[PDB]
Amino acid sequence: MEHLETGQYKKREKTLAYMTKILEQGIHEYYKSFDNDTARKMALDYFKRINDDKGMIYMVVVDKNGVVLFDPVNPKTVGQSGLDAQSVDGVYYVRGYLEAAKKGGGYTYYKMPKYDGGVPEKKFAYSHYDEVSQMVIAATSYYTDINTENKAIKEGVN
């Protein structure tokens, strides 16, 4: 059961890298046509709708310098440098996003609520620097949600 759960989390890490790629490909269709401010507004409007779906993933976006562009959980941080932002478990999560992106893509692990004012819970982020939009885009998932999605499989094994 422990090896199963670890496997399911590693699978989800891979899923988030793929989802980030296809989301990037989607937003590029209008980056190619509109000015940066307009195209960014469209992308972040889309990402708001993803997060509002309350499903598999939640997006977070920062610029190359760590300015927070999109994070509905922490709306006061939007438009600010996030370089000194710390999760409740002491992780500089925006530094994590940037370190991962500098490597070509990677993972940051920290605790955060699912919504502004909610109870924190463990999550992880896959981040990647999208050269077309010049954004560091993070697709994120919560371990509780992965467990929920895998509950029928767990019960079957049991």
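Residue positions are given as counts along the sequence shown, with the first one as 1.
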Worksheet item: Comparing 100 to 108 with 23 to 31, where is the mean C-alpha B-factor higher?
Response: 100 to 108
Worksheet item: Given the B-factors recorded for C-alpha atoms, which segment has the greater mean, 47 to 55 or 62 to 70?
Response: 62 to 70
Worksheet item: In terms of the chain's CA B-factor thirds, is residue 38 lowest, middle or highest?
Response: middle
Fill in: Where the record places residue 113 (Cα B-factor, split into thirds across the chain)
lowest
Response to the item:
Chain thirds by Cα B factor, record data; residue 80 belongs to the highest
Worksheet item: Looking at the C-alpha B-factor of residue 15, is it in the lowest, middle or highest third of its chain?
Response: middle
Worksheet item: residue 150: which third of its chain by C-alpha temperature factor?
Response: highest
